[PDB]
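Colleague: The structure under discussion is supplied below as structure tokens; questions concerning it will follow.
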Amino acid sequence: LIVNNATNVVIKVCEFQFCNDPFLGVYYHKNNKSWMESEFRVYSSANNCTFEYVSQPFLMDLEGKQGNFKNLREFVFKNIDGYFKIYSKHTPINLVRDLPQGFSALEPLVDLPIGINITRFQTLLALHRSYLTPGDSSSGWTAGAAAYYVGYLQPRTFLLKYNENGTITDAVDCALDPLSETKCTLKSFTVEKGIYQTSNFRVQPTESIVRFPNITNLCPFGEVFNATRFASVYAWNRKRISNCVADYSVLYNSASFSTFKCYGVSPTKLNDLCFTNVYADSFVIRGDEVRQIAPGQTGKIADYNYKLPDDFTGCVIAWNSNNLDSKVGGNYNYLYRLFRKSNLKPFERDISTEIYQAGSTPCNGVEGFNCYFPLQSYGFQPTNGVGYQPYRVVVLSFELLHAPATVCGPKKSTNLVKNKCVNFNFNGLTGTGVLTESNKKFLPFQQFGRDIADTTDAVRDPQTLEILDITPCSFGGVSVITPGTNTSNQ
Amino acid sequence: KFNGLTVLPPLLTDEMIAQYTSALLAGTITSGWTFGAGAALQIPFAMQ
Amino acid sequence: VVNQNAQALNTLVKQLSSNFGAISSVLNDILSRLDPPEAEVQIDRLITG
Ligand SMILES: *[C@@H]1O[C@H](CO)[C@@H](O)[C@H](O)[C@H]1NC(C)=O
Ligand SMILES: *[C@@H]1O[C@H](CO)[C@@H](O)[C@H](O)[C@H]1NC(C)=O
Ligand SMILES: *[C@@H]1O[C@H](CO)[C@@H](O)[C@H](O)[C@H]1NC(C)=O
Ligand SMILES: *[C@@H]1O[C@H](CO)[C@@H](O)[C@H](O)[C@H]1NC(C)=O
Ligand SMILES: *[C@@H]1O[C@H](CO)[C@@H](O)[C@H](O)[C@H]1NC(C)=O
Ligand SMILES: *[C@@H]1O[C@H](CO)[C@@H](O)[C@H](O)[C@H]1NC(C)=O
């Protein structure tokens, strides 16, 4: 509430049970000609108050007048970043019903750190009552003349002029009419005879269409994520996935994940992209080893067991698997390479078990001194450190928009439109542009058509086997002709 | 024309340039050089 | 004159298919598959080029 009672300015922020018709009622006593504030019916209750402020006491007239409007006030109210901004100004004028045309500035008056949500407001008036106002509170009252106007703000761009003393005397709206765009461009309130370039009008696309083939199968993840058994890391397991929808938003009902990270793809978008040739890797490692599954890493797992290509786009998922893979005597089913002559290549698997010659004296399969067996058994027990407990780790790798694909994720397709600037997805390819019938003749083994410009210009619709040509909308250019400001405005 | 790369027409159409050249030829053959200093004065071609 | 003009325009247009150090040379390939924070660096590299 902002109120200006007979004495003080009061600024309250509380929870009020406001009246349906709150107002002020000032009674005029005929016996002693004076107007005195008696009724203030604002709210029923005020429970919790956060911010308060009261200005100094003062005295106004409050007497009813009969002359013309002599006070014009303009106020502007903003709420930005928890700040309530009140700009104000007042002016003496003679107009009663007309709205005057003038250029006046509004000087900042008050700014408050309120930080509340305001979506409606209500103005607050006063009432006048006397012997000539017979009746109850609801009827025994007059109105008294007063008027006001309300308008709405909008994000725009103006040009303003600053005089010598520092006052805003004039402004021009950059986006009202073309001459104003020209004045805005040249930064001058005066424009001389000729032609000018302002901007470029772009036709805007309305509708959007998605064209996807038919997929009904669901992906074999219960034999990837709910796999009764996992293999040793050195002989890491691989699996091919195709012709199914990969609903990764259903990753949460059955389980929860220690680490769930993706490189080159943001997880939220996984549903909207059609992937190509999903490969799913699976293994189990030690928690300490979980920090080796990343591009450009070191360590025995990352060196002699597993490697990633540098440009590995895809996701790493891993969850602790202690309970399933902990045995009180020790889960020794898990074995890993420790010694190898050279580093491994990405997406390579070696299962050789040969006596490693640490130094000289070739072992010849003796495993003597300086001769060691490259493979070693993990020992997993329930009573071990968290950094030592087993972890089930899965890698998802795939291609994107480089070949015909079949894994698109969950989405919905729609109809087809023609000869209207629109937006389109075609098996994951994106774009906007009018779609006309094509006279090209694709051979039966290819799905696109390209230009020198290096952008697609045709497409085979993945449903009707038809060939559609994309024509971009006419951007053009905008120029304006003027005979000068002085002579005319046309 | 489909990347924000526009070409623009010249100011004079080719017929206008053709008219200009025809005018120059007429001037030289029927008036010598005297049209290039003031009013066009005629004079036969043999004496030019 | 005509040959020089055409050559310059063809080079200026063909120069739109290089990575300049990004993962791909299409801004639509970057509107998807990424979120703003880590997309903006590659958008930066394309701008510079
Ligand atoms: C105006 O409000 C202030 C603050 O609540 C109060 O102290 C003062 O008495 C009020 N005066 C009138 C006339 O209501
Ligand atoms: C808000 O009002 C309720 C009821 O009067 C009270 O229990 C609660 O403590 C108040 N909270 C604050 C922050 O004043
Ligand atoms: C403010 O309240 C309105 C009405 O309840 C609501 O629609 C709007 O979302 C709210 N905004 C904030 C920031 O609370
Ligand atoms: C600046 O203020 C002075 C004093 O009011 C006034 O005389 C003068 O005209 C003003 N000049 C401008 C440029 O507004
Ligand atoms: C795993 O199993 C649960 C129930 O045992 C099942 O509801 C869920 O769909 C399965 N999820 C995966 C990813 O295998
Ligand atoms: C998908 O199903 C529709 C009918 O529902 C069928 O006409 C069409 O041939 C199928 N295949 C594709 C690629 O749209």
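Residues are referred to by chain and number: the chain letter is A, B, ... according to the order shown in the structure tokens, the number counts from 1 in that chain, and ligands are numbered separately from 1 in the order shown.
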Got a sec to pull out which chain A residues are within 10 Å of chain B, counting only C-alpha atoms, and send them as JSON, numbers by chain?

Modeller: {"A": [200, 453, 471, 472, 473, 474, 475, 476, 477]}

Colleague: Counting only C-alpha atoms, collect the residues of chain A whose closest atom lies at most 8 Å from chain C, and write them out as a list in words.

Modeller: residues 264, 265, 266, 269, 270, 273, 430, 431, 452, 453 and 454 of chain A

Colleague: Would you name the residues within 8 Å of ligand 4, counting only C-alpha atoms and all ligand atoms, and put them as a list in words?

Modeller: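 The neighbouring residues of ligand 4 are, in order, residues 163, 164, 165, 166 and 167 of chain A.
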
Colleague: Using only C-alpha atoms, what does the table of chain C residues within 12 Å of range 7-16 of chain B look like, with each row giving the shortest atom pair and its distance in Å to one decimal, sorted by chain and ascending number, as a tab-separated table?

Modeller:
residue	atom	partner	partner_atom	distance
C:5	CA	B:7	CA	11.5
C:6	CA	B:7	CA	11.9
C:9	CA	B:7	CA	11.0

Colleague: How would the residues just chosen look if you wrote them out with N, CA and C atoms as a compact mmCIF listing (two decimals), in the first residue's frame?

Modeller:
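The file below, again.txt, is the result:
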# COMPACT_ATOMS: atom_id res chain seq x y z
N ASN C 5 35.60 -10.53 -60.17
CA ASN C 5 34.39 -10.42 -59.37
C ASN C 5 33.86 -11.80 -58.98
N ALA C 6 33.68 -12.67 -59.97
CA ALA C 6 33.08 -13.97 -59.70
C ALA C 6 33.96 -14.79 -58.78
N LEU C 9 33.51 -13.55 -55.15
CA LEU C 9 32.26 -13.96 -54.52
C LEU C 9 32.25 -15.45 -54.22

Colleague: Write down as an NGL selection string the residues of range 11-60 of chain A whose backbone DSSP state falls under strand (DSSP E or B).

Modeller: :A and (11-29 or 34-54)

Colleague: Would you mind exporting N, CA and C atoms of the selected residues as a CSV table (one decimal), in the first residue's frame?

Modeller:
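Below you can see selection-v8.csv, which holds the result:
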chain,number,residue,atom,x,y,z
A,11,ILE,N,3.9,3.9,3.6
A,11,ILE,CA,4.3,2.9,2.7
A,11,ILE,C,4.4,1.6,3.4
A,12,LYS,N,3.4,0.7,3.2
A,12,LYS,CA,3.3,-0.5,4.0
A,12,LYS,C,3.4,-1.7,3.0
A,13,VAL,N,4.0,-2.8,3.5
A,13,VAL,CA,4.1,-4.1,2.8
A,13,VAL,C,3.7,-5.1,3.8
A,14,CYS,N,2.4,-5.6,3.7
A,14,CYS,CA,1.9,-6.6,4.6
A,14,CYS,C,0.9,-7.5,3.9
A,15,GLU,N,0.4,-8.5,4.5
A,15,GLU,CA,-0.8,-9.3,4.1
A,15,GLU,C,-2.0,-8.7,4.6
A,16,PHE,N,-2.8,-8.0,3.8
A,16,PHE,CA,-4.1,-7.4,4.2
A,16,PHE,C,-5.3,-8.1,3.6
A,17,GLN,N,-6.3,-8.3,4.4
A,17,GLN,CA,-7.6,-8.7,4.0
A,17,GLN,C,-8.3,-7.5,3.5
A,18,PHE,N,-8.1,-7.1,2.3
A,18,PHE,CA,-8.7,-5.8,1.8
A,18,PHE,C,-10.2,-5.9,1.7
A,19,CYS,N,-10.8,-4.7,1.8
A,19,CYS,CA,-12.2,-4.6,1.6
A,19,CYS,C,-12.5,-4.8,0.1
A,20,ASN,N,-13.7,-5.2,-0.3
A,20,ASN,CA,-14.1,-5.2,-1.7
A,20,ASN,C,-14.0,-3.8,-2.3
A,21,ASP,N,-14.5,-2.8,-1.6
A,21,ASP,CA,-14.5,-1.4,-2.0
A,21,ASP,C,-13.9,-0.5,-1.0
A,22,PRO,N,-12.6,-0.7,-0.8
A,22,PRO,CA,-11.9,0.2,0.2
A,22,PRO,C,-11.8,1.6,-0.3
A,23,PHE,N,-11.9,2.6,0.6
A,23,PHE,CA,-11.8,4.0,0.2
A,23,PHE,C,-11.6,4.9,1.4
A,24,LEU,N,-11.6,6.2,1.2
A,24,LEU,CA,-11.5,7.2,2.2
A,24,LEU,C,-12.8,8.0,2.2
A,25,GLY,N,-13.3,8.4,3.4
A,25,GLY,CA,-14.5,9.2,3.5
A,25,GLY,C,-14.2,10.4,4.4
A,26,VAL,N,-14.3,11.6,3.8
A,26,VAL,CA,-14.1,12.9,4.5
A,26,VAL,C,-15.4,13.5,4.7
A,27,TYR,N,-15.8,13.9,5.9
A,27,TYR,CA,-17.1,14.5,6.2
A,27,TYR,C,-16.9,16.0,6.3
A,28,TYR,N,-17.8,16.7,5.6
A,28,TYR,CA,-17.8,18.2,5.6
A,28,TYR,C,-19.0,18.6,6.6
A,29,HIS,N,-18.6,19.2,7.7
A,29,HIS,CA,-19.6,19.7,8.6
A,29,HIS,C,-20.0,21.1,8.2
A,34,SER,N,-15.4,22.8,7.3
A,34,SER,CA,-14.1,22.1,7.4
A,34,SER,C,-14.3,20.7,6.9
A,35,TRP,N,-13.2,20.1,6.3
A,35,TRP,CA,-13.2,18.7,5.8
A,35,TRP,C,-12.2,18.0,6.7
A,36,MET,N,-12.7,16.9,7.3
A,36,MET,CA,-11.9,16.1,8.3
A,36,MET,C,-12.0,14.6,7.9
A,37,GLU,N,-10.9,14.0,8.0
A,37,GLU,CA,-10.9,12.5,7.6
A,37,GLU,C,-11.5,11.7,8.7
A,38,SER,N,-12.6,11.0,8.4
A,38,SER,CA,-13.3,10.2,9.4
A,38,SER,C,-13.2,8.7,9.0
A,39,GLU,N,-13.5,8.4,7.8
A,39,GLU,CA,-13.6,7.0,7.3
A,39,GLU,C,-12.3,6.6,6.6
A,40,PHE,N,-11.8,5.5,6.9
A,40,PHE,CA,-10.6,4.9,6.2
A,40,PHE,C,-10.9,3.4,6.2
A,41,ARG,N,-11.6,2.9,5.2
A,41,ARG,CA,-12.0,1.5,5.1
A,41,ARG,C,-11.1,0.9,4.0
A,42,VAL,N,-10.0,0.3,4.5
A,42,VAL,CA,-9.0,-0.2,3.6
A,42,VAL,C,-8.9,-1.7,3.6
A,43,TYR,N,-8.6,-2.3,4.8
A,43,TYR,CA,-8.4,-3.7,4.9
A,43,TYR,C,-9.1,-4.2,6.1
A,44,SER,N,-9.5,-5.5,6.1
A,44,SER,CA,-10.1,-6.1,7.3
A,44,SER,C,-9.0,-6.5,8.3
A,45,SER,N,-7.9,-7.0,7.9
A,45,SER,CA,-6.9,-7.5,8.8
A,45,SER,C,-5.5,-7.3,8.2
A,46,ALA,N,-4.5,-7.2,9.0
A,46,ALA,CA,-3.1,-7.1,8.6
A,46,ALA,C,-2.3,-8.0,9.5
A,47,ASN,N,-1.9,-9.1,9.0
A,47,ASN,CA,-1.3,-10.2,9.8
A,47,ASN,C,0.2,-10.1,10.0
A,48,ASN,N,0.9,-10.2,8.8
A,48,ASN,CA,2.4,-10.2,8.8
A,48,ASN,C,2.9,-9.0,8.0
A,49,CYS,N,3.7,-8.2,8.6
A,49,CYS,CA,4.3,-7.0,8.0
A,49,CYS,C,5.8,-7.2,7.8
A,50,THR,N,6.3,-7.0,6.6
A,50,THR,CA,7.7,-7.1,6.3
A,50,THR,C,8.4,-5.8,6.3
A,51,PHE,N,8.0,-4.8,5.4
A,51,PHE,CA,8.6,-3.5,5.3
A,51,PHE,C,7.6,-2.4,5.6
A,52,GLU,N,8.0,-1.4,6.3
A,52,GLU,CA,7.2,-0.3,6.7
A,52,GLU,C,8.0,1.0,6.4
A,53,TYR,N,7.3,2.1,6.2
A,53,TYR,CA,8.0,3.4,6.2
A,53,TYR,C,6.9,4.5,6.3
A,54,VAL,N,7.2,5.5,7.1
A,54,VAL,CA,6.2,6.7,7.2
A,54,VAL,C,7.0,7.9,7.0
